[PDB]
$ cat input32.cif   # mmCIF, N, CA and C atoms
data_my_file
#
loop_
_atom_site.label_atom_id
_atom_site.label_comp_id
_atom_site.auth_asym_id
_atom_site.auth_seq_id
_atom_site.Cartn_x
_atom_site.Cartn_y
_atom_site.Cartn_z
N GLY N 1 -169.40 -68.83 -78.55
CA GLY N 1 -170.37 -68.77 -77.42
C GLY N 1 -171.75 -68.37 -77.95
N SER N 2 -172.10 -67.12 -77.75
CA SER N 2 -173.42 -66.61 -78.23
C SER N 2 -173.42 -66.47 -79.76
N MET N 3 -174.16 -67.34 -80.40
CA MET N 3 -174.26 -67.32 -81.90
C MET N 3 -174.83 -65.99 -82.40
N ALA N 4 -175.70 -65.43 -81.60
CA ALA N 4 -176.36 -64.13 -81.92
C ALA N 4 -176.96 -63.59 -80.61
N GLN N 5 -178.22 -63.87 -80.37
CA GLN N 5 -178.90 -63.39 -79.13
C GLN N 5 -179.10 -64.54 -78.14
N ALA N 6 -178.03 -64.85 -77.46
CA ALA N 6 -178.01 -65.95 -76.44
C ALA N 6 -177.59 -65.31 -75.12
N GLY N 7 -176.43 -64.68 -75.14
CA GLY N 7 -175.89 -64.01 -73.93
C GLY N 7 -176.68 -62.71 -73.68
N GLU N 8 -177.29 -62.23 -74.74
CA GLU N 8 -178.10 -60.99 -74.71
C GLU N 8 -179.20 -61.05 -75.77
N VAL N 9 -180.00 -60.01 -75.78
CA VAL N 9 -181.14 -59.87 -76.74
C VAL N 9 -181.22 -58.42 -77.24
N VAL N 10 -181.75 -58.25 -78.43
CA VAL N 10 -181.88 -56.88 -79.03
C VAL N 10 -183.30 -56.64 -79.58
N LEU N 11 -183.91 -55.56 -79.16
CA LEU N 11 -185.28 -55.20 -79.62
C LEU N 11 -185.36 -53.75 -80.14
N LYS N 12 -185.24 -53.61 -81.43
CA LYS N 12 -185.30 -52.26 -82.06
C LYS N 12 -186.78 -51.95 -82.32
N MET N 13 -187.37 -51.38 -81.31
CA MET N 13 -188.81 -51.00 -81.37
C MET N 13 -188.87 -49.57 -81.89
N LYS N 14 -189.84 -49.33 -82.73
CA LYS N 14 -190.02 -47.97 -83.33
C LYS N 14 -191.25 -47.22 -82.83
N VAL N 15 -191.02 -46.37 -81.87
CA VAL N 15 -192.10 -45.54 -81.26
C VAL N 15 -192.76 -44.56 -82.24
N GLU N 16 -193.84 -44.01 -81.76
CA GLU N 16 -194.67 -43.02 -82.49
C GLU N 16 -194.43 -41.78 -81.64
N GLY N 17 -194.10 -40.66 -82.25
CA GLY N 17 -193.85 -39.41 -81.48
C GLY N 17 -195.12 -38.78 -80.89
N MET N 18 -196.18 -39.56 -80.82
CA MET N 18 -197.51 -39.13 -80.27
C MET N 18 -198.07 -37.98 -81.11
N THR N 19 -197.57 -36.79 -80.87
CA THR N 19 -198.01 -35.57 -81.60
C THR N 19 -196.76 -34.79 -82.02
N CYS N 20 -195.87 -34.61 -81.07
CA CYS N 20 -194.59 -33.87 -81.31
C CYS N 20 -193.73 -34.00 -80.03
N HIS N 21 -193.54 -35.23 -79.63
CA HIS N 21 -192.73 -35.55 -78.41
C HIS N 21 -193.27 -34.76 -77.21
N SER N 22 -194.46 -35.13 -76.80
CA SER N 22 -195.14 -34.46 -75.64
C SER N 22 -194.24 -34.45 -74.39
N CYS N 23 -193.36 -35.41 -74.33
CA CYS N 23 -192.41 -35.54 -73.19
C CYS N 23 -191.07 -36.08 -73.69
N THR N 24 -190.97 -37.39 -73.75
CA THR N 24 -189.78 -38.16 -74.20
C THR N 24 -188.44 -37.83 -73.52
N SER N 25 -188.41 -36.78 -72.73
CA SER N 25 -187.16 -36.38 -72.02
C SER N 25 -187.09 -37.37 -70.86
N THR N 26 -188.27 -37.63 -70.34
CA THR N 26 -188.43 -38.58 -69.21
C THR N 26 -188.14 -39.99 -69.72
N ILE N 27 -188.47 -40.22 -70.98
CA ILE N 27 -188.24 -41.55 -71.60
C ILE N 27 -186.73 -41.80 -71.77
N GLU N 28 -185.99 -40.74 -71.97
CA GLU N 28 -184.52 -40.85 -72.15
C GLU N 28 -183.93 -41.54 -70.91
N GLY N 29 -184.17 -40.91 -69.79
CA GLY N 29 -183.68 -41.42 -68.48
C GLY N 29 -184.40 -42.70 -68.02
N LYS N 30 -185.57 -42.93 -68.57
CA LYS N 30 -186.37 -44.15 -68.20
C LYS N 30 -185.68 -45.38 -68.78
N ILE N 31 -185.45 -45.27 -70.06
CA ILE N 31 -184.79 -46.36 -70.85
C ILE N 31 -183.34 -46.58 -70.38
N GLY N 32 -182.71 -45.50 -70.00
CA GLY N 32 -181.30 -45.56 -69.53
C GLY N 32 -181.19 -46.10 -68.10
N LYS N 33 -182.30 -46.09 -67.41
CA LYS N 33 -182.38 -46.58 -66.01
C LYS N 33 -182.85 -48.03 -65.91
N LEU N 34 -183.08 -48.64 -67.05
CA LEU N 34 -183.54 -50.04 -67.07
C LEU N 34 -182.41 -50.98 -66.65
N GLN N 35 -182.70 -51.83 -65.71
CA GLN N 35 -181.68 -52.79 -65.22
C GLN N 35 -181.50 -53.98 -66.15
N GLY N 36 -180.35 -54.57 -65.97
CA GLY N 36 -179.94 -55.76 -66.76
C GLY N 36 -179.67 -55.36 -68.22
N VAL N 37 -179.54 -54.08 -68.42
CA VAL N 37 -179.27 -53.53 -69.77
C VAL N 37 -177.78 -53.38 -70.04
N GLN N 38 -177.40 -53.84 -71.21
CA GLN N 38 -175.98 -53.77 -71.64
C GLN N 38 -175.82 -52.47 -72.44
N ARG N 39 -176.29 -52.50 -73.66
CA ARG N 39 -176.21 -51.30 -74.55
C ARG N 39 -177.56 -50.58 -74.46
N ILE N 40 -177.59 -49.33 -74.82
CA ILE N 40 -178.87 -48.57 -74.75
C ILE N 40 -178.81 -47.37 -75.70
N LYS N 41 -179.72 -47.36 -76.65
CA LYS N 41 -179.78 -46.25 -77.65
C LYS N 41 -181.25 -45.89 -77.89
N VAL N 42 -181.46 -44.65 -78.25
CA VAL N 42 -182.83 -44.14 -78.52
C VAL N 42 -182.73 -43.20 -79.72
N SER N 43 -183.50 -43.48 -80.74
CA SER N 43 -183.49 -42.63 -81.98
C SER N 43 -184.33 -41.37 -81.78
N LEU N 44 -184.36 -40.57 -82.82
CA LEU N 44 -185.14 -39.29 -82.82
C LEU N 44 -186.46 -39.52 -83.57
N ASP N 45 -187.31 -38.51 -83.54
CA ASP N 45 -188.65 -38.55 -84.22
C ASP N 45 -189.51 -39.74 -83.74
N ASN N 46 -189.33 -40.88 -84.36
CA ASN N 46 -190.11 -42.10 -83.97
C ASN N 46 -189.49 -42.76 -82.74
N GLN N 47 -188.57 -42.07 -82.11
CA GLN N 47 -187.86 -42.56 -80.89
C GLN N 47 -187.67 -44.08 -80.94
N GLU N 48 -187.11 -44.50 -82.04
CA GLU N 48 -186.86 -45.96 -82.25
C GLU N 48 -185.79 -46.39 -81.25
N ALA N 49 -186.30 -46.91 -80.16
CA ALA N 49 -185.42 -47.39 -79.07
C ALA N 49 -184.74 -48.71 -79.45
N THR N 50 -183.44 -48.72 -79.34
CA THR N 50 -182.62 -49.92 -79.68
C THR N 50 -181.75 -50.20 -78.44
N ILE N 51 -182.31 -50.98 -77.55
CA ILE N 51 -181.62 -51.35 -76.28
C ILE N 51 -181.23 -52.82 -76.28
N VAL N 52 -180.04 -53.08 -75.82
CA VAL N 52 -179.51 -54.46 -75.74
C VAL N 52 -179.50 -54.77 -74.25
N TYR N 53 -179.92 -55.96 -73.93
CA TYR N 53 -179.95 -56.37 -72.50
C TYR N 53 -179.81 -57.88 -72.35
N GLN N 54 -179.36 -58.29 -71.19
CA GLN N 54 -179.17 -59.74 -70.90
C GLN N 54 -180.56 -60.37 -70.58
N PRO N 55 -180.80 -61.59 -71.01
CA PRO N 55 -182.17 -62.16 -71.10
C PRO N 55 -182.67 -62.79 -69.78
N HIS N 56 -182.39 -62.17 -68.65
CA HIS N 56 -182.87 -62.76 -67.36
C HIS N 56 -183.15 -61.76 -66.21
N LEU N 57 -183.26 -60.49 -66.54
CA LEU N 57 -183.54 -59.44 -65.52
C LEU N 57 -184.94 -58.87 -65.80
N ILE N 58 -185.08 -58.33 -66.99
CA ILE N 58 -186.38 -57.73 -67.42
C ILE N 58 -186.40 -57.49 -68.93
N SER N 59 -187.60 -57.34 -69.44
CA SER N 59 -187.82 -57.10 -70.90
C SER N 59 -188.03 -55.61 -71.14
N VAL N 60 -187.15 -55.06 -71.92
CA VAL N 60 -187.23 -53.61 -72.25
C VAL N 60 -188.53 -53.36 -73.03
N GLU N 61 -189.06 -54.42 -73.57
CA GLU N 61 -190.32 -54.34 -74.35
C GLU N 61 -191.46 -53.97 -73.40
N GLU N 62 -191.42 -54.53 -72.22
CA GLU N 62 -192.46 -54.25 -71.20
C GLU N 62 -192.31 -52.79 -70.79
N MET N 63 -191.06 -52.40 -70.70
CA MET N 63 -190.74 -51.00 -70.32
C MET N 63 -191.26 -50.05 -71.40
N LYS N 64 -191.24 -50.51 -72.63
CA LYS N 64 -191.74 -49.66 -73.75
C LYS N 64 -193.26 -49.72 -73.80
N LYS N 65 -193.84 -50.72 -73.18
CA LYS N 65 -195.32 -50.84 -73.18
C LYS N 65 -195.87 -49.64 -72.39
N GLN N 66 -195.08 -49.21 -71.45
CA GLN N 66 -195.43 -48.06 -70.58
C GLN N 66 -195.35 -46.79 -71.45
N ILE N 67 -194.35 -46.77 -72.30
CA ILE N 67 -194.14 -45.61 -73.21
C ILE N 67 -195.36 -45.52 -74.14
N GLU N 68 -195.86 -46.68 -74.49
CA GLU N 68 -197.06 -46.77 -75.38
C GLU N 68 -198.34 -46.50 -74.60
N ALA N 69 -198.29 -46.79 -73.32
CA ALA N 69 -199.48 -46.57 -72.45
C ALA N 69 -199.69 -45.08 -72.19
N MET N 70 -198.59 -44.38 -72.04
CA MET N 70 -198.64 -42.93 -71.78
C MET N 70 -199.03 -42.15 -73.04
N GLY N 71 -198.93 -42.79 -74.18
CA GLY N 71 -199.28 -42.11 -75.47
C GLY N 71 -198.29 -42.19 -76.63
N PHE N 72 -197.28 -43.03 -76.53
CA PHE N 72 -196.28 -43.16 -77.64
C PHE N 72 -196.29 -44.62 -78.18
N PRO N 73 -197.29 -44.99 -78.95
CA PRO N 73 -197.39 -46.35 -79.55
C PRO N 73 -196.08 -46.76 -80.23
N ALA N 74 -195.71 -48.00 -80.06
CA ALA N 74 -194.45 -48.51 -80.67
C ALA N 74 -194.70 -49.72 -81.57
N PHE N 75 -194.10 -49.61 -82.72
CA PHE N 75 -194.19 -50.66 -83.77
C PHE N 75 -193.10 -51.70 -83.46
N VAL N 76 -193.39 -52.48 -82.46
CA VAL N 76 -192.47 -53.56 -81.99
C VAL N 76 -192.30 -54.65 -83.06
N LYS N 77 -191.07 -55.07 -83.23
CA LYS N 77 -190.75 -56.14 -84.24
C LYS N 77 -191.21 -57.50 -83.70
N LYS N 78 -190.85 -57.74 -82.47
CA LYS N 78 -191.20 -59.01 -81.77
C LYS N 78 -192.72 -59.20 -81.67
N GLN N 79 -193.24 -59.93 -82.63
CA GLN N 79 -194.70 -60.22 -82.70
C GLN N 79 -194.86 -61.72 -83.04
N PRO N 80 -194.44 -62.59 -82.14
CA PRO N 80 -194.36 -64.06 -82.40
C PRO N 80 -195.75 -64.64 -82.69
N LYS N 81 -196.66 -64.34 -81.80
CA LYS N 81 -198.07 -64.83 -81.93
C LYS N 81 -198.68 -64.42 -83.28
N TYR N 82 -198.29 -63.26 -83.74
CA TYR N 82 -198.79 -62.73 -85.04
C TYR N 82 -198.05 -63.42 -86.20
N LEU N 83 -196.81 -63.74 -85.95
CA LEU N 83 -195.96 -64.42 -86.97
C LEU N 83 -196.31 -65.92 -87.04
N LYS N 84 -196.08 -66.48 -88.20
CA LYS N 84 -196.36 -67.93 -88.44
C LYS N 84 -195.12 -68.49 -89.18
#

$ encode --input "input32.cif" --output "structure tokens"
Amino acid sequence: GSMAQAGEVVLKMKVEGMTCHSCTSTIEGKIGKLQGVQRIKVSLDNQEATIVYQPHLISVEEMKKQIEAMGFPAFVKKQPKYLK
């Protein structure tokens, strides 16, 4: 069936702890509350979020854009426009 990311998608984005995790407790429950999500993991320090989700509800990447907007920049892998 799914050769790799067909039935689902995976985005291991690597956050920046801002200064020293100014919050991130809220981010725990934020990421865990994302709909259409299958698996859900969040690392320490750089809070490298590794969430698996089905590709037709929402993009966890957009959800992490909020994490970056509040002050936790993320070194997202998915950079198609930048890639050639």

$ residues_around --input "input32.cif" --residues "residue 66 of chain N" --least-positions-apart "4" --cutoff "12 Å" --atoms "only C-alpha atoms" --output "count of residues only"
15

$ select_by_dssp --input "input32.cif" --residues "chain N" --states "helix (DSSP H, G or I)" --output "PyMOL selection string"
chain N and resi 25-32+60-69

$ select_by_dssp --input "input32.cif" --residues "segment 5-84 of chain N" --states "strand (DSSP E or B)" --output "JSON, numbers by chain"
{"N": [9, 10, 11, 12, 13, 14, 15, 37, 38, 39, 40, 41, 42, 49, 50, 51, 52, 53, 74, 75]}

$ write_last_selection --input "input32.cif" --atoms "N, CA and C atoms" --output "mmCIF file, in the coordinates of the input"
data_model
loop_
_atom_site.group_PDB
_atom_site.id
_atom_site.type_symbol
_atom_site.label_atom_id
_atom_site.label_comp_id
_atom_site.auth_asym_id
_atom_site.auth_seq_id
_atom_site.Cartn_x
_atom_site.Cartn_y
_atom_site.Cartn_z
ATOM 1 N N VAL N 9 -180.000 -60.010 -75.780
ATOM 2 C CA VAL N 9 -181.140 -59.870 -76.740
ATOM 3 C C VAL N 9 -181.220 -58.420 -77.240
ATOM 4 N N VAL N 10 -181.750 -58.250 -78.430
ATOM 5 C CA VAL N 10 -181.880 -56.880 -79.030
ATOM 6 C C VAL N 10 -183.300 -56.640 -79.580
ATOM 7 N N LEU N 11 -183.910 -55.560 -79.160
ATOM 8 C CA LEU N 11 -185.280 -55.200 -79.620
ATOM 9 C C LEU N 11 -185.360 -53.750 -80.140
ATOM 10 N N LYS N 12 -185.240 -53.610 -81.430
ATOM 11 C CA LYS N 12 -185.300 -52.260 -82.060
ATOM 12 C C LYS N 12 -186.780 -51.950 -82.320
ATOM 13 N N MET N 13 -187.370 -51.380 -81.310
ATOM 14 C CA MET N 13 -188.810 -51.000 -81.370
ATOM 15 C C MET N 13 -188.870 -49.570 -81.890
ATOM 16 N N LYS N 14 -189.840 -49.330 -82.730
ATOM 17 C CA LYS N 14 -190.020 -47.970 -83.330
ATOM 18 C C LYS N 14 -191.250 -47.220 -82.830
ATOM 19 N N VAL N 15 -191.020 -46.370 -81.870
ATOM 20 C CA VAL N 15 -192.100 -45.540 -81.260
ATOM 21 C C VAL N 15 -192.760 -44.560 -82.240
ATOM 22 N N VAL N 37 -179.540 -54.080 -68.420
ATOM 23 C CA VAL N 37 -179.270 -53.530 -69.770
ATOM 24 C C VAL N 37 -177.780 -53.380 -70.040
ATOM 25 N N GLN N 38 -177.400 -53.840 -71.210
ATOM 26 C CA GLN N 38 -175.980 -53.770 -71.640
ATOM 27 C C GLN N 38 -175.820 -52.470 -72.440
ATOM 28 N N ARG N 39 -176.290 -52.500 -73.660
ATOM 29 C CA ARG N 39 -176.210 -51.300 -74.550
ATOM 30 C C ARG N 39 -177.560 -50.580 -74.460
ATOM 31 N N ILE N 40 -177.590 -49.330 -74.820
ATOM 32 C CA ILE N 40 -178.870 -48.570 -74.750
ATOM 33 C C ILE N 40 -178.810 -47.370 -75.700
ATOM 34 N N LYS N 41 -179.720 -47.360 -76.650
ATOM 35 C CA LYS N 41 -179.780 -46.250 -77.650
ATOM 36 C C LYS N 41 -181.250 -45.890 -77.890
ATOM 37 N N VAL N 42 -181.460 -44.650 -78.250
ATOM 38 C CA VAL N 42 -182.830 -44.140 -78.520
ATOM 39 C C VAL N 42 -182.730 -43.200 -79.720
ATOM 40 N N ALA N 49 -186.300 -46.910 -80.160
ATOM 41 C CA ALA N 49 -185.420 -47.390 -79.070
ATOM 42 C C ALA N 49 -184.740 -48.710 -79.450
ATOM 43 N N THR N 50 -183.440 -48.720 -79.340
ATOM 44 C CA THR N 50 -182.620 -49.920 -79.680
ATOM 45 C C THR N 50 -181.750 -50.200 -78.440
ATOM 46 N N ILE N 51 -182.310 -50.980 -77.550
ATOM 47 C CA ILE N 51 -181.620 -51.350 -76.280
ATOM 48 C C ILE N 51 -181.230 -52.820 -76.280
ATOM 49 N N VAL N 52 -180.040 -53.080 -75.820
ATOM 50 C CA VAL N 52 -179.510 -54.460 -75.740
ATOM 51 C C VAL N 52 -179.500 -54.770 -74.250
ATOM 52 N N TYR N 53 -179.920 -55.960 -73.930
ATOM 53 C CA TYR N 53 -179.950 -56.370 -72.500
ATOM 54 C C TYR N 53 -179.810 -57.880 -72.350
ATOM 55 N N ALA N 74 -195.710 -48.000 -80.060
ATOM 56 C CA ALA N 74 -194.450 -48.510 -80.670
ATOM 57 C C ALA N 74 -194.700 -49.720 -81.570
ATOM 58 N N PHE N 75 -194.100 -49.610 -82.720
ATOM 59 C CA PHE N 75 -194.190 -50.660 -83.770
ATOM 60 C C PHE N 75 -193.100 -51.700 -83.460
#

$ atom_distance --input "input32.cif" --atom1 "atom C of residue 55 of chain N" --atom2 "atom CA of residue 84 of chain N"
23.7 Å

$ atom_distance --input "input32.cif" --atom1 "atom CA of residue 46 of chain N" --atom2 "atom CA of residue 63 of chain N"
16.3 Å

$ atom_distance --input "input32.cif" --atom1 "atom CA of residue 48 of chain N" --atom2 "atom CA of residue 12 of chain N"
6.5 Å

$ resolve_selection --input "input32.cif" --expression "the PyMOL selection byres ((chain N and resi 39) around 5)" --output "number ranges by chain"
N: 37-38, 40-41, 51-52

$ closest_residue --input "input32.cif" --among "N:4, N:49, N:9, N:18" --to "residue 76 of chain N" --atoms "only C-alpha atoms"
N:49
